[PDB]
Amino acid sequence: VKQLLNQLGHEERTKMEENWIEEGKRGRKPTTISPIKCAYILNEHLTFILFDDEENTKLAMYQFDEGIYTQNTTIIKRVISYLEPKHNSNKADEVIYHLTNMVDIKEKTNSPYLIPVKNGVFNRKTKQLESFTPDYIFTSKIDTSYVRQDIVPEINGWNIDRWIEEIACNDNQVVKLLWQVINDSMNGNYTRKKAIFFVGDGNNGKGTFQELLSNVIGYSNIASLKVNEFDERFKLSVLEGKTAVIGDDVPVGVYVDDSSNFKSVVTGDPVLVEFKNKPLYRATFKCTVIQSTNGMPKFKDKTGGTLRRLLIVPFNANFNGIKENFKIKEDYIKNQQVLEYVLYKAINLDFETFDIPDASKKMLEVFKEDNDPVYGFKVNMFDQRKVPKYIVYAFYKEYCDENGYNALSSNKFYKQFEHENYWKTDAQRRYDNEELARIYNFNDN
Amino acid sequence: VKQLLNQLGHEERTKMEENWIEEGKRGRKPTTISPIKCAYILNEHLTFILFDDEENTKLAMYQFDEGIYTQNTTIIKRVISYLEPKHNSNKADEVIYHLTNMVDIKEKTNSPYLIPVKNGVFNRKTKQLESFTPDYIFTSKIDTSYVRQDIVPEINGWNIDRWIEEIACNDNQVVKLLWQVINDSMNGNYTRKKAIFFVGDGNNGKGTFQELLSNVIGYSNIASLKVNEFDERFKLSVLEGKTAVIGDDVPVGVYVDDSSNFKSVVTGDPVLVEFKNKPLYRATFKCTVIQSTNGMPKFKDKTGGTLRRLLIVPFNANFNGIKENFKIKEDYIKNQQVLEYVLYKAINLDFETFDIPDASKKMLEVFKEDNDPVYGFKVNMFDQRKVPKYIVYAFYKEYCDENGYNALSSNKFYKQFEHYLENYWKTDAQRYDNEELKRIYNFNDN
Amino acid sequence: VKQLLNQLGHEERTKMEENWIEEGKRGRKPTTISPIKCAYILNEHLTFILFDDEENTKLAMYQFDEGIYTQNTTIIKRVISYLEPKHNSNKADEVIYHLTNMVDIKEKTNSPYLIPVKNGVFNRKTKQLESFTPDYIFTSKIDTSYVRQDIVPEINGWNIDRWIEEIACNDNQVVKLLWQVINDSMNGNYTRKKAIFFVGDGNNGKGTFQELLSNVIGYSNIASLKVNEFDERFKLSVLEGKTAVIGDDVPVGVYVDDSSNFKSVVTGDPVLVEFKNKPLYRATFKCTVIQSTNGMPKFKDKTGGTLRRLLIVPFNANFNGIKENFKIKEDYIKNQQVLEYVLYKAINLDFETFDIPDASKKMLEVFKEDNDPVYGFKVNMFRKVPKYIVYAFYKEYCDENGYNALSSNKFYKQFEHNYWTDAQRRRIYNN
Ligand SMILES: Nc1ncnc2c1ncn2[C@@H]1O[C@H](COP(=O)(O)OP(=O)(O)NP(=O)(O)O)[C@@H](O)[C@H]1O
Ligand SMILES: Nc1ncnc2c1ncn2[C@@H]1O[C@H](COP(=O)(O)OP(=O)(O)NP(=O)(O)O)[C@@H](O)[C@H]1O
Ligand SMILES: Nc1ncnc2c1ncn2[C@@H]1O[C@H](COP(=O)(O)OP(=O)(O)NP(=O)(O)O)[C@@H](O)[C@H]1O
Ligand SMILES: [Mg+2]
Ligand SMILES: [Mg+2]
């Protein structure tokens, strides 16, 4: 558009000179296009919009070669210079202000069925690639291109699908879940209301998968934030325009005092976000969370909420014992063809919701037992009677041998609420004080 | 008004051109309307007001299409451009300043009987919809149109009334309370002084009901702020223009050490509000508070006044299994017809105070024992006399067998303050004849 | 004054046009009054003063209709626009600067016997209502007119005096104290060196009385600051230009670690006020403090000063039932007749010190026992030589979950009060 703008500026200056010649030598050779006329020409021959009618909304320009509207001031300034190079910063700002006054108001397309990709928009309803148009209002797009694939790319005899199988210890459910996780991380307007956790005992390829995701998706489109940092002030502000958020390494067994922000982000509920020395507001973040960590973080809520939000991926394979192929994480996942194929395969597959692998359900139960001492006690109870409350207490098996703090006669109510037998009241099996509950009995008669 | 101002343009400019022609070629062919004349034309042909005479207050323009006064400088500058496009930003500011000097002073309409709606203004005294007029001064309105509704809209064979009944587990009192809450949430000038709390274990529709409210009401008319965040600095500033505040998820058992701002916002009491790098001032907030959480948070204030303000709504419906429908939260209640019907029904019904369901009273009592250990001990006392005051303070029967914190014999007055039952105050000298002090004496024979 | 300034501007513009005509057509014809001439005209006709000679102090203008000097630059710029509509913000600032250079300096009228009221100034010594004049320098006034009242105004069969009696649970001392509190709150230049605290639990009407006070007085004339908010940054800037400060709900039993600013504000003690990124300065605040809360918060200092500064008002009536009438706090206290009668009754009442009710003295003693464990011990202990036995760790902290001392500061108990000596006599049920 540089040539077109230079050309239009040339005839505009020529017309101004002709009018000055007709009117006589009085305007001392006017050679600079007035900012209002410059804005008129730009609006006529380019696509400028305004995202919102709110105060100090920055004007957006449609980059034809990129297909996404940009609010970057310097790009617009360069465009002005293309039309009129003699305007300084103040006159270009005046042109921008005039354009802001002229252009119409259009909201960004937040349709979950449309995903911006480098080649163009992708429609999930038709599962088809559509060329970039100014009608589709996007501010960012997936870095990697989208072309039809027929064979699995291989570099130096290394296959991406074989690596995916190797990551999951050759489990169809886990590789399917990983592909679904990639596909969900691609979508920014839809969240699926699940939290993805990667657990790793060592060199399990977790970081390699994180870098693969950060490469297939735009590196700018991804945010970095851990679970324990969600409640911290100004941390949520990084989730503004990011397609997904990745926690690189959550500390092992970290304690989250409050996860209200984390749960709200996971379920897509609106949340209060503030910037540094900026007014507070509320926004809805549909970006998915993907946290890679060793072990498993411990939550404070201890309720069914965090149980329903979370999803765990085993990542059992250990590549530390096998020879480490640094080229996989440094070269192979950065190859254009591999990212292309990954993007194509992930975008084509369709699923309404995450399908939990059988390994994840066992891992979810393990997390439930470890986080909640009461549930772990109930699972490992193996007791036969039911009436004696203090026998049921039994000091809870030395805090389930995991020294997790447990209350008296209050967590008993929590246990009975959590869990056929219900409660029984007998005067011959209770109030005997056989044990003054340290405790070594397991089962009585 | 764009057409009207454009017609006003090229006419005043024509007038200046003719005057310059008559006076001779001396003014270099003036073509820009002077900012003062621009302000005169705008004041004559539009409605600009000033909310108050305070320092550097912002001019307000009546949007004829929207029907609400706005202080957004961008819209005003766009209108000025509609009149005189060639004005710079500084010239637009000059026009705004001249208008500020010229226009009159009128206060915002804050009568509780008038509710701004997308379609018009609803009058509760006459229960009627009236067209937008510049006389009514509103800065925001409900984003749902008000239309006459006779048949409940069904989308994909799904009924909103049936969903409301399901959320309440088919309880008439609870559905009535939910409708009353919907009605109260959209009134920005009347508070009823009740703190609505949604309690549920999981997948109970708490979040669905909250974003349903955020849909029927304007999204920008809702402020997201939790109970524990009321007293943090700069947080109250979000309540400036919002008709309701919604706490998406209050952490379970969070200790609210200070409740002054929250209690003030619940009632019609004024509060000190401060913006970021802006002078502090005093404002009254009538927005209703609605908080959804998994269990009632612990409040430091054990006094009766904190308890009376709180209201608790049971969400006892379970949708954890295959019964869950994503379309309900994501699609169905974003439908325009459903929102219109909900707005109509909520606006129509009239009441003076919340009708407390029986289940709410039970849960309010339960939270009363949970928050106040002495009240919990009294409820679980069953010790019938009470002359030996020392056995009564047996760590209040070891926290009535639970856990907590106790004061050392300074809570004696608290027991009488909580209740007197029927024995009132009873202490006799002969007391010392009972053996001192552990769980053997849970009976009245003493 | 709009008509006068419009006429003055028109005649000045005509005179300038005549001068341009007689001097010949030189350049563009003058049509805008120069800022210096505009300032000259404004100074000649209007009334502009300067409160002090400090750095960049703001010019004050006397509003003839309002009767009070204002420093609001918006009003001054509107007046300038009345005189000269063609001046933008910079030219109005130039006019204001010229006026600041010209006008004389007069201090604010801070006479405790003069109270600015919407009808006019009120002379307490004369007990009269004097009309507004520019001679009296005031920056704010009570938003309720002062009219002579003879018969109590009743709205919907509801009496303000009967409601006041109901709030006090039918106690003459308490209603007298409440009227005295209203009178003290209205006066902004006299402090009486007492802190008013509304102590009551559950529904009592403390907030209703506070709203009545904020209604009879100007709403903008009331500051909002709880006792615990006094000592942090930028909070005192709210107190500037306010006749009284009201704390809506102090947290129950809040720990007031720092009370220096609160004590300074309670008395006439000067204090350093700071604005947000504005030149901080020293100032004296005479506004009275009124706080409402459930129970009496305890102070760290627990000394004589906080005891003598504090005053406690009983709110024992409960309306937590069908007795509650919302219209009392929503509509009844907003009635203009009721507010006018309340203002008349309060301002005509005269006194020099607060009349302490007997119940207030009892609660003051109770708070002294609660905040200071030593005095609670002294009250509870109802011989002389034995100090160790009477100590006994405050006889086991007098059963209040307190913390004791090392038996060295315990003898400060004879400060509150063991007449002095045996040589052989110097948990436990036990004096
Ligand atoms: N097939 C393979 N795929 C990926 N990495 C491999 C493979 N075989 C060996 N490796 C090596 O295994 C290591 C995996 O690195 P990385 O995935 O960052 O580890 P991690 O411990 O999971 N990282 P992190 O998530 O931050 O804790 C690197 O040294 C790789 O070179
Ligand atoms: N009557 C209903 N039938 C089926 N699904 C429903 C019904 N009501 C709500 N849902 C769905 O239940 C899901 C969860 O509702 P939501 O209110 O977000 O949960 P929540 O109660 O906030 N969960 P939690 O924070 O963990 O306690 C949403 O997808 C709703 O669409
Ligand atoms: N004499 C009265 N008779 C009946 N109702 C009254 C009376 N005085 C006040 N009320 C009402 O009682 C309520 C008092 O609320 P308010 O004064 O804000 O709180 P409070 O009673 O001081 N404390 P709290 O109950 O914790 O909010 C309002 O509804 C008043 O209209
Ligand atoms: Mg929820
Ligand atoms: Mg109150």
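Along every chain, residue numbers run from 1 in sequence order, not necessarily as the entry numbers them; residues that have no coordinates are omitted. Lettering for chains starts from A, numbering for ligands starts from 1, and both go in the order in which the items are written. Values throughout apply to the part shown, which belongs to a larger assembly of chains. No hydrogens and no water enter the side-chain calculation; it runs on all heavy atoms of the structure. Residues with missing side-chain atoms are left out of burial classes, side-chain pairs and their counts.

This deposited entry lists cryo-EM as its structure determination method and 3.3 Å as its resolution.

Chain C appears in the PDB entry as DNA primase from Staphylococcus aureus.

With the PDB entry as reference, chain B is termed DNA primase, source organism Staphylococcus aureus.

## Examining the overall build of chain B
To qualify as a helix, a DSSP run of H or I must reach at least 4 residues; to qualify as a strand, a run of E must reach at least 2; elements of each kind are numbered from the N terminus. What chain B contains, in helices and strands, is 17 helices and 18 strands. Each radius of gyration reported is based on C-alpha atoms, and the globular scaling rule is 2.2 Å times the count of residues to the power 0.38. Here chain B has a C-alpha radius of gyration of 30 Å; the compact-globule value for 446 residues is 22 Å, and the former is much larger.

## Observations regarding the interface of chain B and chain A
Between chain B and chain A, the residue contacts involve 39 residues of the former and 48 residues of the latter. Computed with a 1.4 Å rolling probe, the buried area is the accessible surface lost when two parts are put together, summed over both parts. Across the chain B to chain A interface the summed buried area is about 3,600 Å²; carbon plus sulfur atoms make up 48%. On the chain B side of the interface with chain A, the three residues burying the most area are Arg78(B), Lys276(B) and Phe326(B), jointly 17% of the side's total. Any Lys or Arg side-chain nitrogen located within 4 Å of an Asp or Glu carboxyl oxygen qualifies as a salt bridge. For the pair chain B and chain A, the interface holds four salt bridges. When the shortest N-O distance is used, the salt bridge between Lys58(B) and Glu55(A) registers 3.6 Å. Counted as a polar contact is a pair of N or O atoms within 3.5 Å, where, for protein atoms, one must be capable of donating a hydrogen and the other of accepting one, and residues adjacent in sequence contribute only when both atoms are in side chains. If you look at where chain B meets chain A, you find 15 residue pairs in polar contact. For the side of chain B that touches chain A, the elements supplying multiple residues, two or more each, are helix 4 (73–83), helix 5 (89–102), strand 11 (222–224), strand 12 (244–250) and helix 11 (326–330) of chain B. It is helix 4 of chain B that provides the largest number of residues to the side of chain B that touches chain A, a total of six residues. Partitioning the side of chain B that touches chain A into residue classes produces eleven nonpolar, 13 polar and 15 charged. Pairs of residues are marked as contacts when any of their non-hydrogen atoms sit within 4.5 Å. Just so you know the grouping, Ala, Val, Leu, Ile, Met, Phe, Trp, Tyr, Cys and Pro go in nonpolar, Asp, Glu, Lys and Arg go in charged, and all remaining residues, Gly too, go in polar.

## Observations regarding the sheet that holds strand 2 (residues 59–62) of chain A
Residue and element names in this part refer to chain A. Strands sit in the order 1-2-3 across an open sheet of three strands; the sheet is antiparallel. Looking at which strands have only one partner, the edges of the open sheet turn out to be strand 1 (48–50) and strand 3 (69–70). Two strands pair when backbone bridges link them, and strand 2 and strand 3 are joined in this way by two bridges, in the antiparallel orientation. Following the sheet pairing, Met-61 is matched in strand 3 by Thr-70. At least two DSSP bridges between two strands are required for those strands to pair.

## Some thoughts on the interface of chain C and chain B
Contact with chain C, which involves 45 residues of that partner, is made by 48 residues of chain B. Roughly 3,700 Å² is buried in total at the junction of chain C and chain B, and carbon and sulfur atoms are behind 46% of that figure. When the area that chain C buries against chain B is broken down by residue, the three leading residues are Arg78(C), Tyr219(C) and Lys276(C), summing to 15%. Taken together, the connections running from chain C to chain B amount to seven salt bridges. A salt bridge links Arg309(B) to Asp249(C); the nearest nitrogen and oxygen atoms lie 4.0 Å apart. Seen at the junction of chain C and chain B, the total is 22 residue pairs in polar contact. Mapped onto the side of chain C that touches chain B, the elements with two or more residues apiece are helix 3 (73–83), helix 4 (89–102), helix 7 (206–216), strand 10 (222–224) and helix 10 (326–330) of chain C. Element by element, the count of residues in the side of chain C that touches chain B is highest for helix 3 of chain C, at six residues. A per-class count over the side of chain C that touches chain B returns twelve nonpolar, 15 polar and 18 charged.

## Points about the site of ligand 1
All names here are of chain A. To be near a molecule or strand, a residue needs just one of its heavy atoms within 4 Å of it. Within the structure, ligand 1 sits among 18 residues, and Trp-163, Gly-202, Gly-207, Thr-208 and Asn-325 are positioned closest to it. Contact distances for ligand 1 include 3.0 Å between an oxygen atom and a backbone N or O atom of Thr-208. Here, Shrake-Rupley sampling with a 1.4 Å probe gives the accessible areas, and only protein chains in the shown set may cover a residue. Relative to its unbound accessible surface of 650 Å², ligand 1 loses 84% to contact with the protein. Contributing elements (two or more residues each) for the shell around ligand 1: helix 5 (160–167), helix 7 (206–216) and helix 10 (326–332). Considering only residue class, the shell around ligand 1 consists of four nonpolar, eight polar and six charged.

## A few points about the UniProt feature "domain: SF3 helicase" (unreviewed entry) in chain C
Per the UniProt entry, the sites bearing "domain: SF3 helicase" (unreviewed entry) are residues 173–328 of chain C in this numbering. This span, residues 173–328 of chain C, is 26% helix and 20% strand, and a straight line between its end C-alpha atoms measures 23 Å. UniProt positions are given in the numbering used here, feature names are shortened, and annotations may be inferred rather than shown by experiment.

## Notes on a nonpolar patch on the surface
Residue and element names in this part refer to chain B. Residues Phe-413, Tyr-414 and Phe-417 make up a contiguous nonpolar surface patch of roughly 340 Å² in combined accessible area. Positionally, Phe-413 belongs in helix 17 (residues 412–418). For each residue, the accessible area found with a 1.4 Å probe, counting protein chains only, is set against the maximum for its type, and the residue is called buried under 20%, exposed over 50%, and partly exposed in between. Residue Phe-413 is classed as exposed on the basis of its relative accessible area, which comes to 55%. A patch consists of residues whose relative accessible area exceeds 30% and which take part in no salt bridge; residues with like charges are grouped when within 9 Å of each other, and nonpolar side chains (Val, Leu, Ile, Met, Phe, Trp, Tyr) when within 5 Å.

## Regarding the nonpolar core
Ranked by internal contacts, the top residues of the largest apolar core, which has 49 residues, are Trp158(C), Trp163(C), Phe209(C) and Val313(C). Looking at this core, the elements that each hand over two or more residues are helix 5 (160–167), helix 6 (172–186), strand 9 (195–199), helix 7, strand 11 (244–247), strand 15 (310–314) and helix 11 (336–348) of chain C. Discounting chain neighbours no more than four positions away, the residues touching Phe209(C) are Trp163(C), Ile164(C), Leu178(C), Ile182(C), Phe198(C) and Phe315(C). Of all hydrophobic cores here, the second largest spans 48 residues; its members include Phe122(A), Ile222(A), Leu311(A) and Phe354(A). To qualify as a nonpolar core, a set must consist of buried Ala, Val, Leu, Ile, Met, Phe, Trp, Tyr and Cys residues joined through side-chain atoms within 4.5 Å.

## Some points on a positive patch on the surface
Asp and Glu are treated as the negative residues and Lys and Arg as the positive ones, with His and the ends of the chain left uncounted. For the purpose of locating charges, the reference atoms are NZ of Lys, CZ of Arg, CG of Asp and CD of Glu. Together, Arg26(A), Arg28(B), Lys29(B) and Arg28(C) make up a region of like positive charge exposed at the surface. For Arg28(C), the location among the structural elements is in the loop between helix 1 (2–23) and helix 2 (35–45). Relative accessible area serves as the criterion here: at 70%, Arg28(C) is assigned to the exposed category.

## Some words on the pattern of salt bridges
With the rule as written, the count across this model stands at 60 salt bridges over all chains. The closest approach of N and O atoms between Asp184(B) and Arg192(B), which form a salt bridge, is 3.5 Å. The closest approach of N and O atoms between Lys361(B) and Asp358(B), which form a salt bridge, is 3.2 Å. Linking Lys361(B) with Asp358(B), this pair stays in helix 13 (residues 358–371), spanning three residues, or about one helical turn. With relative accessibility at 41%, the residue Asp358(B) sits in the partly exposed group. Salt bridges linked by common partners bring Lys226(A), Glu229(A), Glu232(A), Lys235(A) and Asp248(A) together as one network.

## Here we look at the pairing of strand 14 (residues 270–273) of chain B
Along any regular strand, the residues point their side chains to alternate faces of the sheet. All names here are of chain B. Taking every second residue as pointing to the same face, both faces of strand 14 are buried, with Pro-270 and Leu-272 on one and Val-271 and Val-273 on the other. Here strand 14 runs beside strand 15 (residues 281–284); their pairing, made up of four bridges, is antiparallel. Among the inter-strand pairings, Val-273 is bridged to a residue of strand 15, identified as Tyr-281.

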